[PDB]
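Only one chain is given next, in structure tokens, and it is the form deposited in one PDB entry.
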């Protein structure tokens, strides 16, 4: 048997540029074991690594940085000689960075209508890469798809409402990923949430009653006053959002001056958001005589203080409100909480462009 000679294999090539940092760097020995492996950046600072017990694999154990020039030295020893290699490579230098933000929060329990939300703080030129970098796990597994509400936020939901008890895991692995036009991910995100009870509240303009159903059983019937004809509440499916014991409604947040005929600024109690456009379920003492009879608001579902607080107490983010038989149209699918009004075939087809 003649002298066999160890060989070295690295996941980077000497002289390479634009190396993406979305993966560790590794060195592998063949016909021999690794005796020494070091990796330092342009300033001489070492990079954390781990050699496998069998001595055949060394990998970086920490995140690698943008705009860095790394130098790698590896020595492989064997029964028939040795082999050494020095490799230098330069990582990606982004033109701009973008940090994602994921809802719902880690560990939260949400209703059957809560979609996965990934919001970036910059415009995403390559939506496809963003979608490819986002891995969603569901238990029991269910089909879902991506759909963008605007140039910075994407959503992921199944065809129908979640089944209660479903576990969802979200891993936004955007670090080191070219998201288009030199826009690279600033970090990764990992969120996990669970689907709770089915809570569907239906507001019928014919009866002017807001009926809350938990697991299919009617548990509360609230006389309500919705948007008047000139500013009606839109029919469709609303996703419950944030909740406030009290909040100052200010029309100027939507570009409508407070000092207008259609502007407003008032403080209200027990407000539950259900649309970005400003539809809330809140306490309306000034309209109890109208609640259950005639509509008098700008879209908000007015109810009594008792029922408003009840809604605040018994409804959670992700629960569903459905408005039907109003003089208005359908809530826009891209409102922010109207995801379910987009027909499944359009949502499934996505808009990655």
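Numbering follows the first chain given and starts at 1. Think of the rigid core as the biggest set of C-alphas that the two forms share within 1.5 Å after superposition.
- Higher mean CA temperature factor, per the PDB entry, when comparing 270 to 278 with 92 to 100: 92 to 100.
- The deposited model assigns a higher average Cα B-factor to 255 to 263 than to the other stretch when 133 to 141 and 255 to 263 are compared.
- In the PDB entry, the Cα temperature factor peaks, among 323, 303, 33, 320, at 33.
- Between the residues 194, 202, 221, 230, it is 230 that shows the highest Cα B-factor in the PDB record.
- Residue 113: CA B factor in the lowest third of modelled residues in this chain (values from the PDB entry).
- When all modelled residues of the chain are sorted by CA temperature factor, residue 206 is found within the highest third.
- Residue 178: CA B factor in the middle third of modelled residues in this chain (values from the PDB entry).
- Residue 169: CA B factor lies in the lowest third for its chain, per the PDB record.
- Among the modelled residues of its chain, residue 72 has a C-alpha B-factor that falls in the middle third, as given in the PDB entry.
The same protein has a further form, the form deposited in another entry, not shown here; the description that follows concerns it.
- Just one of 90, 188, 202, 251 moves its Cα by 2 Å or more between the shown form and the other one on a rigid core overlay, and this residue is 251.
- When two forms of a protein are overlaid on their rigid core, residues whose CA moves 2 Å or more are considered shifted, and residue 264 is one of them between the shown form and the other one.
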